[PDB]
Every structure is written in C-alpha cells, then in structure tokens.
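Note: hydrogens, waters and symmetry copies are ignored here, and every other heavy atom, side chains too, is used. First the proteins, then the strands, lettered A, B, ... as listed; each starts at 1.
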Amino acid sequence: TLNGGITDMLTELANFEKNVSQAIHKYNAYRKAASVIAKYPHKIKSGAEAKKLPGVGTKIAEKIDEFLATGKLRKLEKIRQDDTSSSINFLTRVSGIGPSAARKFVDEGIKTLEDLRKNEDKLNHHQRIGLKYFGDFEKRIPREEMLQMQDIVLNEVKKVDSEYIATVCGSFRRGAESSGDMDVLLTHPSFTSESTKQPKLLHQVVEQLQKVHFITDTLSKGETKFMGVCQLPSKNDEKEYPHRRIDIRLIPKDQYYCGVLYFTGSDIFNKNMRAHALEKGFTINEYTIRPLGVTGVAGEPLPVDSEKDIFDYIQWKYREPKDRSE
DNA sequence: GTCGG
DNA sequence: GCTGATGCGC
DNA sequence: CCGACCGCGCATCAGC
Ligand SMILES: Nc1nc2c(ncn2[C@H]2C[C@H](O)[C@@H](COP(=O)(O)OP(=O)(O)OP(=O)(O)O)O2)c(=O)[nH]1
Ligand SMILES: [Ca+2]
Ligand SMILES: [Ca+2]
C-alpha cells in the first residue's frame, strides 16, 4: 500500500457522502478514485500526478495536495467533529441500518451502542441481528477458517443432493488471506433459465445447514438469495468462533459463468466491467451478457461457455480472479 | 465528483 | 392482495 | 457544458 494515506482519506470521504449526504454518485466517485490510486504502482508525489489517473479530477487532486503537505484534510477533520455526522456514520455500521434509518434514529435520540441495546423493539429483524452480532461482524475471517467453512458447506450440500454444486466466491475466490464474509454460489440441474423443475432448492440447503447448527440466524431469505449468519464448531474448553455473515445465491445452472463472474467481484471490478460493457454496447448482469440495440434496448442473451467469453465480448484480456481485487 | 460526447 | 417505489445489501 | 453514472434480490410501505 504505497498510497494508504490517500486511499484511506478518499474512502472516508466516500463513506461520508453515502451515509451522511446520501449522495450515492459522489460515494462512487470517491471509491473509483480510491481504487485507481490503490493499484497505481508508484508512491504519489502530487495531486497533478494523481489527476493523470481516470476518476481523479480537480477536486480530488486538490485534496491530495492538501493531504500530502499536511497529512490531514480539513474537510475530514471537521466531519470528524460534527456529532450528527459521527453518529450517523456509527449507526450505519450496524447491518440493516442504512443512511436513512441512521438519520431517523439520530432524530429520535438513538445514537450510541447503549441506545440501540435498550431499544431493540424499535429495530426490524435484520437490524436486530446486526446489533446482536455487531462486534463479531467487524472481525475479518482468516483464510484458514474460510477453508473449514467451505468444507462444511460443500459437504452438507452434498448430503442434501449430490447434484448440487456449491462454489465459494467473493474475496475468497480472489485468493484473499482474509475475507469480510462468506459468499456461496449454488447451482442444481433442476433450476435453469428454462425451467424450475424443483421447488425449495435453496430452502432445503439452508435447512440442512441450520440442522447441523452451522447457520444460526437469517437476515433475509427468498427463492434465490439467502443472507444470514453462521458459525464454525469449536472444540472442548475453547472460546467460540465469532459469528460470521454468509450469503448464498442460487443461480440457474446454465448461467453459472455470468453468476460466478458477478459473485467473484470485487464490487468495484464489477461496476467498472459493467460500465465498460455499456461503452462497448453490451449490458452484463449475473445472468447474461446482452447486446444493446439502437433504441438502447437490451437484446437477447449471447452464448457464454466460460468466464473468459464474457471478457472476450467486451474486448478485455482475461483477468484471473486474483487480479480482480479492485 | 468525474468524465465523454 | 398486488404493484411500484424506496431502503439496504450483494 | 451536462447527461450519465452497474445491476439486481429481499424487506418494507404507500396507494389502490
Ligand atoms: N455488480 C455488483 N456486484 C457487487 C456489488 N457488491 C458486491 N458485488 C458482488 C461482487 C463481490 O465480490 C460479491 C460479494 O460481495 P462482498 O460484499 O461479500 O465482497 P467481497 O467478498 O469481494 O469482500 P469481503 O472480503 O467480503 O469484504 O458480490 C455491487 O455493488 N455491484
Ligand atoms: Ca465476501
Ligand atoms: Ca457477502
């Protein structure tokens, strides 16, 4: 991290814009700049050097110059002092509490961990579980635990039906030595883009993982997406493992390559890749890549036989998962 | 906040 | 109930 | 200058 100081600064600014200003495009602008700088292989010496990078403009160059000279940003020092901004930024750290909800809470006088803990009845289900595991959810997961988690999930899914394929994606598939949480892509031959020849495909798998006490809470659950909480088994006399967030996504078997591209990320990589797709006259989602027509209407799904084919369509050289960590 | 048409 | 918008999250 | 900014699942709420 040659430029940690700068990218931390921009990340803080992005978070401010999302959580407090509720300015989602300013948030993405800061994130995009943060990401381009993070992969820049030189220690940056000026805002002018930075402004050469795409996504870094005048305003960010000016901030980078201030940060380099002093080591601080006045705009940020002030944000850190504002109690309302600080409270909103804190509350949004709870899963299920976003910028709108946080601001509502701050109005009602709820703005600390203690406040939340005595007002659970003011929280929806998701929020209540986010509060319950507030501390655990901020811890990262060593790849070594991610591997044990993978073994449990893969083996339990095999027991429900040997035809399931479960692939762990997210940062784990990108080779990270630690992950924020577990993301599992699931497929079954009974569920394709053409037919759903079997109901409860996701349910049954969630049920089995609850049965062995791996999954411990549900945040949300539909026919194709589960978001919840899980925990590794611990040994005799040892402290329990932290509770972890787990997402499970059931994707049509014939659309696996688009799905695994999506779920492997990173998020910024996906946003960048999809944006580029639009520039090349395609739209990409987790299911398909489709041509855009003159009218601007998504056409029919193009044939895809590998992750690489998606890269081919938009004239990108293939990038292995480990190089998609933007 | 940045950028391409 | 459904539909569409909005909030939140991936 | 200025329109456009990735794309979508689930939970919630208003309006009908
Ligand atoms: N298109 C798109 N895909 C996203 C977005 N956010 C997340 N994804 C996809 C790509 C991510 O790698 C994948 C899993 O999301 P996560 O929040 O778990 O992130 P990731 O595993 O990369 O990082 P982590 O180590 O868990 O903090 O979901 C998004 O905003 N847009
Ligand atoms: Ca993850
Ligand atoms: Ca996740």
Side-chain angles (χ1 to χ4, degrees), chain A residues 10 13-14 16-19 21-37 47 50-64 75 91-105 123-130 137 168-173 179-186 202 206 218-229 245-252 255 258-280 282-290 292 296 298 310 314 326:
Chain A
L10 295 176
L13 288 163
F16 172 74
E17 295 299 353
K18 182 181 186 297
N19 297 327
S21 309
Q22 304 178 15
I24 195 63
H25 298 111
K26 291 203 181 179
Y27 159 75
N28 289 318
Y30 281 116
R31 282 206 312 176
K32 176 179 177 184
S35 183
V36 72
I37 288 167
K51 165 138 192 164
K52 297 195 127 304
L53 304 173
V56 176
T58 301
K59 304 278 280 298
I60 294 194
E62 281 173 347
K63 294 183 164 51
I64 294 184
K75 189 200 216 310
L91 292 174
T92 64
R93 288 165 59 186
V94 179
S95 195
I97 307 189
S100 184
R103 194 176 275 284
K104 191 172 186 299
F105 289 134
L123 301 183
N124 70 32
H125 178 73
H126 184 145
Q127 299 172 338
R128 185 162 180 161
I129 304 309
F137 289 178
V168 179
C169 307
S171 58
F172 174 84
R173 188 170 184 263
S179 291
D181 81 345
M182 171 164 283
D183 308 294
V184 182
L185 185 67
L186 183 69
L202 182 53
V206 173
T218 297
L219 297 175
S220 75
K221 179 177 177 294
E223 300 296 312
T224 67
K225 179 153 83 66
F226 175 81
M227 290 176 53
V229 179
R245 277 273 294 105
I246 181 164
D247 300 310
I248 305 175
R249 186 72 190 264
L250 173 67
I251 294 169
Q255 296 174 336
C258 282
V260 78
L261 173 65
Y262 156 72
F263 228 13
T264 291
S266 62
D267 52 351
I268 296 291
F269 172 83
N270 285 353
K271 176 180 179 291
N272 286 346
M273 182 165 187
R274 295 178 184 195
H276 181 76
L278 295 177
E279 288 181 78
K280 294 272 178 180
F282 301 88
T283 178
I284 303 175
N285 62 22
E286 61 259 57
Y287 302 120
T288 62
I289 178 177
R290 298 168 290 172
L292 295 178
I310 306 168
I314 63 183
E326 291 172 8

Contacts of A:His276 meeting ring-ring contact (aromatic ring centres under 6.0 Å, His included) (sequence neighbours excluded), chain-then-number -> A:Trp316
Within the 4.5 Å heavy-atom criterion, are A:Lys225 and A:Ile248 side-chain neighbours or not?
no
Give the rounded distance in Å between these two atoms: NZ of A:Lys18 and P of B:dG1.
18 Å
At 4.0 Å (heavy atoms only), tell me whether A:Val36 reaches a base, stays on the sugar-phosphate, or touches nothing.
nothing
Checking A:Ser266 side chain against A:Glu326 main chain: does a donor-acceptor pair fall under 3.5 Å?
yes
Just by distance, do the side chain of A:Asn270 and the backbone of A:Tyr262 share a donor-acceptor pair under 3.5 Å?
yes
Evaluate the side-chain proximity of A:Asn285 to A:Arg290: yes if any heavy-atom separation is below 4.5 Å, no if none is.
yes
Side chains of A:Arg245 and A:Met227: does their closest heavy-atom pair fall under 4.5 Å?
yes
Take atom CZ of A:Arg93 and atom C1' of C:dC8, then tell me their distance rounded to the nearest Å.
18 Å
A:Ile129 has an atom CD1; how far is it from atom P of C:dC8, in whole Å?
18 Å
Encode nucleotides 6-15 of chain D as B, S and - characters from 5' to 3', where the letter depends on protein heavy atoms closer than 4.0 Å: B to the base, S only to sugar-phosphate, - to neither.
BBSBSSS---
Give A:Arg245 one of three labels, base, sugar-phosphate or nothing, depending on what nucleic acid heavy atoms sit under 4.0 Å from its own.
sugar-phosphate
Less than 4.5 Å apart, side chain to side chain, heavy atoms only: is that true for A:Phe172 and A:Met182?
no
Contact check, side chains of A:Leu123 and A:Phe105, non-hydrogen atoms, under 4.5 Å:
yes
Can you tell me the distance, in whole Å, between the CD atom of A:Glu17 and the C1' atom of D:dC5?
15 Å
Could you state the CZ-P distance from A:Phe137 to C:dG9, rounded to the nearest angstrom?
12 Å
In whole Å, what separates the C1' atom of D:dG9 from that of B:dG1?
29 Å
Rounded to the nearest angstrom, tell me the gap between atom NZ in A:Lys52 and atom P in B:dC3.
12 Å
Whole-Å distance between C:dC8 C1' and A:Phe105 CZ?
13 Å
Looking at A:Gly96, is its backbone amide N or carbonyl O close enough to the side chain of A:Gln127 to form a donor-acceptor pair, meaning the two atoms are under 3.5 Å apart?
yes
How close or far is atom P of C:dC10 from atom CG of A:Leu185, stated in whole angstroms?
16 Å
Can you name the atoms? Protein N/O to nucleotides 3-7 of chain C N/O, anything below 3.5 Å, with the distance.
none

Using a heavy-atom cut-off of under 4.0 Å over every strand shown, decide if A:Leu53 touches base, sugar-phosphate, or nothing.
sugar-phosphate
